[PDB]
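A look at the structure
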Amino acid sequence: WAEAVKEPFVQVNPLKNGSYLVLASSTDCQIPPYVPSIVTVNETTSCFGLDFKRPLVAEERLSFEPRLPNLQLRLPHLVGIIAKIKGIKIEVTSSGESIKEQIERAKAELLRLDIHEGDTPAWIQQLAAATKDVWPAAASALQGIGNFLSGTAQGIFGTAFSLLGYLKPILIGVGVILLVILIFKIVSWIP
Amino acid sequence: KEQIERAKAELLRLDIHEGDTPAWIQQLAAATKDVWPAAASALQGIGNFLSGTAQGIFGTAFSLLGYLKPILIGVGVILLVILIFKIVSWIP
Amino acid sequence: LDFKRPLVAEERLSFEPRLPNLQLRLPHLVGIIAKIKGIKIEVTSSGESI
Amino acid sequence: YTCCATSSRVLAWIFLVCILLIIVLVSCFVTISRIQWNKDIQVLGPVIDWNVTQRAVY
Amino acid sequence: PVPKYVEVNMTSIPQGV
Amino acid sequence: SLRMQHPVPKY
Ligand SMILES: *[C@@H]1O[C@H](CO)[C@@H](O[C@@H]2O[C@H](CO)[C@@H](O[C@@H]3O[C@H](CO[C@H]4O[C@H](CO[C@H]5O[C@H](CO)[C@@H](O)[C@H](O)[C@@H]5O)[C@@H](O)[C@H](O[C@H]5O[C@H](CO)[C@@H](O)[C@H](O)[C@@H]5O[C@H]5O[C@H](CO)[C@@H](O)[C@H](O)[C@@H]5O)[C@@H]4O)[C@@H](O)[C@H](O[C@H]4O[C@H](CO)[C@@H](O)[C@H](O)[C@@H]4O)[C@@H]3O)[C@H](O)[C@H]2NC(C)=O)[C@H](O)[C@H]1NC(C)=O
Ligand SMILES: *[C@@H]1O[C@H](CO)[C@@H](O[C@@H]2O[C@H](CO)[C@@H](O[C@@H]3O[C@H](CO[C@H]4O[C@H](CO[C@H]5O[C@H](CO)[C@@H](O)[C@H](O)[C@@H]5O)[C@@H](O)[C@H](O[C@H]5O[C@H](CO)[C@@H](O)[C@H](O)[C@@H]5O[C@H]5O[C@H](CO)[C@@H](O)[C@H](O)[C@@H]5O)[C@@H]4O)[C@@H](O)[C@H](O[C@H]4O[C@H](CO)[C@@H](O)[C@H](O)[C@@H]4O)[C@@H]3O)[C@H](O)[C@H]2NC(C)=O)[C@H](O)[C@H]1NC(C)=O
Ligand SMILES: *[C@@H]1O[C@H](CO)[C@@H](O[C@@H]2O[C@H](CO)[C@@H](O[C@@H]3O[C@H](CO[C@H]4O[C@H](CO)[C@@H](O)[C@H](O[C@H]5O[C@H](CO)[C@@H](O)[C@H](O)[C@@H]5O)[C@@H]4O)[C@@H](O)[C@H](O[C@H]4O[C@H](CO)[C@@H](O)[C@H](O)[C@@H]4O)[C@@H]3O)[C@H](O)[C@H]2NC(C)=O)[C@H](O)[C@H]1NC(C)=O
Ligand SMILES: *[C@@H]1O[C@H](CO)[C@@H](O[C@@H]2O[C@H](CO)[C@@H](O[C@@H]3O[C@H](CO[C@H]4O[C@H](CO)[C@@H](O)[C@H](O[C@H]5O[C@H](CO)[C@@H](O)[C@H](O)[C@@H]5O)[C@@H]4O)[C@@H](O)[C@H](O[C@H]4O[C@H](CO)[C@@H](O)[C@H](O)[C@@H]4O)[C@@H]3O)[C@H](O)[C@H]2NC(C)=O)[C@H](O)[C@H]1NC(C)=O
Ligand SMILES: *[C@@H]1O[C@H](CO)[C@@H](O[C@@H]2O[C@H](CO)[C@@H](O[C@@H]3O[C@H](CO[C@H]4O[C@H](CO)[C@@H](O)[C@H](O)[C@@H]4O)[C@@H](O)[C@H](O)[C@@H]3O)[C@H](O)[C@H]2NC(C)=O)[C@H](O)[C@H]1NC(C)=O
Ligand SMILES: CCCCCCCCCCCCCCCCCCCC(=O)O[C@H](COC(=O)CCCCCCCCCCCCCC)COP(=O)(O)OCCN
Ligand SMILES: CCCCCCCCCCCCCCCCCCCC(=O)O[C@H](COC(=O)CCCCCCCCCCCCCC)COP(=O)(O)OCCN
Ligand SMILES: *[C@@H]1O[C@H](CO)[C@@H](O[C@@H]2O[C@H](CO)[C@@H](O)[C@H](O)[C@H]2NC(C)=O)[C@H](O)[C@H]1NC(C)=O
Ligand SMILES: *[C@@H]1O[C@H](CO)[C@@H](O[C@@H]2O[C@H](CO)[C@@H](O)[C@H](O)[C@H]2NC(C)=O)[C@H](O)[C@H]1NC(C)=O
Ligand SMILES: CC(C)CCC[C@@H](C)[C@H]1CC[C@H]2[C@@H]3CC=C4C[C@@H](O)CC[C@]4(C)[C@H]3CC[C@]12C
Ligand SMILES: CC(C)CCC[C@@H](C)[C@H]1CC[C@H]2[C@@H]3CC=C4C[C@@H](O)CC[C@]4(C)[C@H]3CC[C@]12C
């Protein structure tokens with residue numbers, strides 16, 4: 001299962017034996033982001049705006065803690081866009097799924113998020129964020145052509161293109177009327 | 001009437017696309033099978049032709065010619081504008 | 001259904017909470033957004049910009 | 001007069017070429033942006049394995 | 001400005017369980 | 001396993 005969340009994300013659970021369980025979108029006290037971890041400190045300090053205390057020395061007894069098997073997991077490239085356009089917690093793969101089945105799963109859905117006359121700049125900015133890891137040269141270009149339609153002047157070019165997009169059916173109609181005149185006017189020159 | 005007018009707009013907007021025509025055509029068949037079995041068997045055939053025959057080269061070819069549509073029109077328009085002038089510049 | 005007149009009560013010291021008031025601006029087409037999801041969906045925050 | 005007549009002709013040609021180029025620039029952008037999106041969808045995605053040691057930053 | 005350090009140990013949680 | 005050394009201010 002995948003689900004979209006708000007940035008910044010911070011979760012710190014104090015454990016009973018005196019360690020702390022941390023999952024956080026940003027670094028603090030040398031703890032890496034995005035991967036969770038069990039954290040212990042030798043001297044009281046403030047991390048993620050709260051106090052992580054040094055635990056009381058304990059006596060060792062025979063353990064019964066479980067040790068689960070490790071597991072690599074491959075996710076779809078655009079998992080973030082799939083989770084965002086559902087607005088609920090959604091199933092994205094299985095532990096033991098093939099590359100082919102995994103891909104043919106949100107492909108039709110994703111293809112039909114096509115370019116529109118009404119949010120071309122907002123679309124072009126998604127395409128860049130999607131392309132950045134694949135082709136960084138193209139991303140930087142797309143991002144540029146994004147900010148040109150949005151920012152340059154008062155966004156007048158964005159406006160102009162948006163409007164010329166919505167007019168397409170009228171233009172064809174006129175274009176057709178011109179041909180029907182031109183053909184007649186031409187045929188009415190030949191002897 | 002009420003039951004039908006409930007997912008109709010939603011369902012209509014699952015339209016054909018340049019990027020998964022074979023995968024779409026295979027859904028249309030599964031949808032048509034109980035209604036018109038003769039048509040289903042046909043659609044299923046034209047499905048496997050774009051996917052299987054050769055290395056799917058025809059699927060590829062059609063997918064590509066689909067995405068090029070705007071360029072082709074643009075060129076087509078430039079040809080007319082030449083042809084008209086070249087024709088008008090023959091008449092005495 | 002029947003809305004009955006209540007029995008007279010004796011007044012005692014209250015501990016009822018009094019929450020702050022709050023204006024809330026919704027999107028113009030909130031009804032169409034809620035309809036095409038077919039589930040309970042998040043539409044804004046208390047303190048969001050236009 | 002001849003200069004004004006010539007100017008009108010030259011203006012119309014540059015005005016025609018101006019448009020026919022804009023038609024070609026927009027047409028090429030729509031083709032390339034839509035293909036790249038298709039390729040973005042089918043790339044291999046990230047891998048996660050819950051290894052902390054791997055993500056250490058010094 | 002004097003250098004003072006605190007030790008911080010970290011361990012993994014297979015499968016996130 | 002991952003041992004680290006977090007620096008703390010001592011002014
Ligand atoms: C509060 O509570 C929490 C718990 O909730 C405390 O956190 C826990 O603290 C424990 C310490 O008491 C930690 O245990 C220690 O884990 C160390 C790391 O283990 C991993 O790496 C090992 C080595 O891997 C490398 O080297 C080998 C070759 O040697 C290579 O093959 C590898 O590729 C690596 O290069 C590895 O052996 C371990 O593998 C075992 O676990 C994983 C799952 O985690 C399994 O997939 C494996 O199959 C394997 O488990 C099986 O096999 C082993 C034997 O091989 C059995 O023991 C198991 O029962 C099972 O059958 C890991 O990948 C260990 O190095 C460390 O070892 C010490 O102890 C042993 C004796 O037990 C000695 O021989 C060693 O010399 C060493 O002293 C120890 O086990 C827990 O990980 C940690 N738990 C969590 C969830 O984080 C916390 O401390 C508490 N806080 C306070 C304040 O009290
Ligand atoms: C069954 O149970 C239910 C409860 O579950 C019963 O319903 C409850 O019945 C109560 C009556 O016992 C009602 O209380 C009454 O509310 C009246 C209206 O209060 C609002 O308006 C006030 C006036 O607003 C105008 O005028 C002022 C200037 O005077 C202007 O500033 C305004 O702009 C308006 O023009 C206003 O003072 C109130 O404001 C307070 O509450 C709101 C939230 O509701 C807060 O946002 C405010 O900050 C403020 O709360 C704080 O400040 C006040 C003091 O200013 C403190 O008292 C608070 O603790 C808090 O710190 C409202 O906007 C009141 O007019 C009415 O006042 C009577 O009592 C006081 C003494 O307490 C006298 O001085 C008055 O003269 C007057 O007699 C009273 O409080 C509950 O509203 C009602 N609850 C609900 C949820 O509906 C029900 O009756 C029961 N049924 C049966 C059968 O038993
Ligand atoms: C669960 O585990 C499975 C199995 O590991 C994971 O799926 C596999 O992912 C790996 C890594 O991404 C893929 O490796 C690539 O393999 C190709 C060659 O594939 C061909 O030959 C295979 C021979 O065994 C065969 O299995 C393949 O068959 C599948 O694909 C065909 C075609 O779509 C399909 O019809 C079949 O039904 C199968 O689905 C196929 O014939 C190879 O070209 C790749 O090379 C790249 O990487 C290497 C190493 O970095 C590099 O050296 C090269 O230069 C190149 O960059 C790569 O090795 C593998 O194809 C996947 N296998 C399957 C069956 O899908 C899966 O991801 C895991 N799931 C989860 C959820 O984690
Ligand atoms: C939470 O609270 C906020 C703050 O009140 C609400 O957002 C505001 O809503 C009001 C009412 O709908 C908006 O009022 C209008 O303001 C414009 C002028 O806006 C410009 O100047 C502002 C100066 O302070 C500035 O803040 C604005 O900046 C925002 O917008 C720009 C451009 O998009 C953006 O880049 C910024 O990042 C900001 O987001 C902006 O520069 C004014 O023209 C309007 O006038 C109309 O109404 C009046 C009164 O009826 C009338 O007299 C006029 O004739 C005209 O009809 C109007 O006053 C305000 O813009 C909103 N502010 C922001 C920051 O968005 C929000 O709705 C509340 N949320 C919820 C969920 O309830
Ligand atoms: C973070 O992880 C560290 C491991 O890298 C922890 O360090 C270990 O902590 C134990 C606490 O019991 C130390 O044990 C002490 O050892 C000294 C004497 O040291 C010698 O003998 C020990 C075995 O007893 C041996 O491991 C050493 O190599 C030495 O030969 C005793 O005086 C104490 O009484 C106690 O037994 C380990 O020595 C120490 N190991 C290492 C490699 O440093 C550290 O505690 C962890 N920190 C936090 C914040 O949890
Ligand atoms: C006041 C300012 C000055 C005026 C400037 C304008 C002057 C014009 C002169 C006259 C010529 C008119 C030309 C007509 C253009 C009409 C535009 C059509 C847009 C259109 O229909 O496209 C749709 C939406 O895309 C869009 O609408 C996106 C359009 C492209 C946006 C990007 C523009 C920047 C290009 C950068 C070029 C460099 C890149 C590298 C080559 C999608 O197409 P579809 O409808 O077929 O449906 C396909 C499936 N959805
Ligand atoms: C190396 C191999 C050899 C090369 C072969 C090709 C040679 C071509 C020679 C030059 C001629 C070029 C012809 C131009 C074709 C362009 C294709 C346009 C496709 C297109 O835009 O259609 C869109 C997607 O459909 C599609 O893209 C689906 C297209 C149709 C797929 C099915 C093809 C099999 C037909 C079977 C015939 C027998 C059936 C019974 C009659 C949808 O259309 P829209 O964009 O208007 O939007 C409508 C609302 N979404
Ligand atoms: C977890 O990550 C660490 C670091 O990438 C792996 O440890 C390395 O293993 C390789 C051999 O595969 C050694 O050459 C390196 O010296 C090791 N580095 C360190 C810092 O110890 C580790 O194998 C990974 N996997 C597991 C299951 O622990
Ligand atoms: C916690 O661990 C730190 C490791 O940074 C200890 O720091 C050492 O302190 C001694 C003084 O006893 C210094 O001589 C060393 O140079 C420090 N080591 C470093 C910076 O690597 C610290 O003493 C420990 N604190 C407690 C309370 O045990
Ligand atoms: C301006 C007057 C003379 C009318 C002339 C008609 C011209 C401007 C119209 C007629 C048909 C139009 C084309 C119809 C369809 C498309 C596909 C779209 O994805 C890009 C633009 C493009 C290629 C249009 C460009 C403008 C166009 C060529
Ligand atoms: C190849 C060179 C000479 C360019 C000539 C232009 C030709 C190939 C182009 C110009 C406009 C194109 C048409 C534009 C729109 C559609 C609708 C689509 O749903 C099916 C294909 C169809 C009917 C196209 C077929 C190919 C077409 C006729």
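Residues numbered from 1 in each chain as written, not as in the entry; some residues may be left out. Chains lettered and ligands numbered in written order. Part of a larger assembly, values for the part shown. Heavy atoms only, no water.

By the naming in the PDB entry, chain D goes by Envelope glycoprotein and is assigned to Eastern chimpanzee simian foamy virus.

The PDB entry lists chain B under the name Envelope glycoprotein, from Eastern chimpanzee simian foamy virus.

Okay, the environment of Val10 of chain A next. Residues and elements named next belong to chain A. Looking at where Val10 falls in the secondary structure, it is placed in strand β1 (residues 10-14). Given the relative accessible area of 46%, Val10 is considered partly exposed. The spacing of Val10 and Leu23 is 13 residues in sequence and 6.2 Å in space, taken between C-alpha atoms. In contact with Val10, not counting residues within four places along its chain, are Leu23, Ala24 and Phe48. (Helix = DSSP H or I, 4+ residues; strand = E, 2+ residues; numbered from the N terminus. Buried < 20%, exposed > 50% of the residue type's maximum accessible area, 1.4 Å probe, protein only. Contact = heavy atoms within 4.5 Å.)

Moving on to helix α5 (residues 136-150) of chain A. In a regular helix each residue adds 1.5 Å, so 15 residues correspond to 21 Å; α5 of chain A covers 21 Å between its end C-alpha atoms and thus fits that length. Of all the positions in α5 of chain A, only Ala138, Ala139, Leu142, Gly146 and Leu149 of chain A are classed as buried. The buried side chains of α5 of chain A occupy one side of the element, clustering within an arc of 100° when seen end-on. Of the exposed residues in α5 of chain A, the ones pointing more than 90 degrees away from its buried face are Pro136 and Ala137 of chain A. As for α5 of chain A, its buried residues are in contact with α4 (120-131) and α6 (156-187) of chain A together with α1 (2-42) of chain D. (Expected span 1.5 Å × (residues − 1). Arc of directions from axis to C-beta.)

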